[PDB]
């Protein structure tokens, strides 16, 4: 098959900048190359067909060029609403192939997370598991480090983490982090600490709770 290769894997752009995404094919495909945008929680959307022919209803800040094996999608004056993943497609011959996507990310003002920590509910304790949950919300940049501490001794077995995709309105990130223990384990310690290290302070943001309340 014809392998499409996109470059770079990720872009990090400032709003207003003129930005460029590249697609190289393994054989020539003429201009039978189409471009797609996918945004979080949405279906892909056709941006450009035939390498450069534009499409009624697409903002004219999207344009494409190239022919043969080398193609380029230009985004002129990028908007924060442009975060998402961008795909090229061989529409020339079978099997039709897609490039592996290029993720576009927006730059903005730094923002410290808002941290909450939650003990396990009573309802959970009754079954026989215990989850302590920490939410780190609305922060930027996305480089962020999370330590769990149990009575002062950092733990990192049973820690599952989850990031939302960059927000399309405010370009912030959110993460949750969940410490799952057994109810024995949980009940043999007192203090539970959610410690978040982020660019925005020199000092970790700490949230804990003590079980004696």
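Positions refer to the first chain, counted from 1.
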item: 119 to 127 versus 89 to 97 - which carries the larger mean C-alpha B factor in the record; value: 119 to 127
item: 140 to 148 versus 34 to 42 - which carries the larger mean C-alpha B factor in the record; value: 140 to 148
item: Top residue by Cα temperature factor, when 49, 176, 63, 153 are compared in the entry; value: 153
item: Chain-wide C-alpha B factor ranking for residue 167, given as lowest, middle or highest third; value: lowest
item: Entry-reported Cα temperature factor of residue 19, expressed as the chain third it lands in; value: middle
item: Among modelled residues of the same chain, the CA temperature factor third for residue 78; value: middle
item: Chain-relative CA temperature factor third for residue 112; value: middle
